[PDB]
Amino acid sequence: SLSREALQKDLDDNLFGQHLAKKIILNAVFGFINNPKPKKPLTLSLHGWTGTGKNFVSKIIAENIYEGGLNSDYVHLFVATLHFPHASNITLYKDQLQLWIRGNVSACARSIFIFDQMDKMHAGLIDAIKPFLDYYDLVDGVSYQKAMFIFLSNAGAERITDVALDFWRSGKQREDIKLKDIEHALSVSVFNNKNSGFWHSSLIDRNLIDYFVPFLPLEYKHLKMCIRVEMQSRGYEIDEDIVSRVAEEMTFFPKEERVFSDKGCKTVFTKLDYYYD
């Protein structure tokens, strides 16, 4: 049974450098789960830099709704690069995917489906799930209005970073970045007419995506926070000299200013093995 306080605490204690995502997710998820008569399944699209917390947030959402999180019987993970790797097999993926979603929602109206690597998913396979996302009361005799769909993607990461870098160079705080700043920078790509058309409802004048959730590239200080957590998780005494040396081995961009981690947090943890026995 989801609590707003518990979801907020889990986000605040564990998710670093994502002030926009924390707030959007907290209010979108709590408001939907707490609504006994939703009009449409909650559809979230989480976009942004590699290694900055998209699967991590998904686990936080899942574990706050169901015991076991991603291992709950009611939470379903599709990894497009693992499960849907070959474009020419689209029909075989589509047929299995439609059966799987329909059977599980039949059995559990409050099912959760996560589509990871959506930017590598055949557009025709995305088309196959659009009816489940819409404002229909019944789709082939089953209501999807209590279900939740979460998409994870890198598309838009570079543009989102343009905003973060502009704020950094201007002497502004990261937490001053607003959703409107991100939506404006994405007007030419993720938010252009063809994408808006692609994601449009087939029933009323609305988008199938309820919330765009942007993820910002991580700074050096966020990488240090994650290294400290990994040290504790391994049972090490934290050593700030190792924190700095590990973080210094990571590649940062732009070439001149060294502001953001190329890989977010990814690959950092294997470097601890060169500093600990």
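So that there is no doubt, residue numbering starts at 1 and follows the sequence shown.
The mean Cα B-factor in the deposited entry runs higher for 185-193 than for the other of 185-193 and 80-88. The PDB entry records a higher mean C-alpha B factor for 246-254 than for its counterpart among 246-254 and 212-220.
Among 235, 69, 53, 48, the highest C-alpha B-factor in the deposited entry belongs to 235.
As recorded in the entry, 172 carries the highest CA temperature factor of 122, 94, 110, 172. Split the chain's modelled residues into thirds by C-alpha temperature factor. Residue 158 is in the middle one. Split the chain's modelled residues into thirds by C-alpha temperature factor. Residue 98 is in the middle one.
Ranked by C-alpha B-factor against the other modelled residues of its chain, residue 117 falls in the lowest third. Placement of the Cα temperature factor of residue 203 within the chain: highest third of the modelled residues, per the deposited record. For residue 21, the recorded CA B-factor ranks within the middle third of the chain. Only modelled residues enter the ranking.
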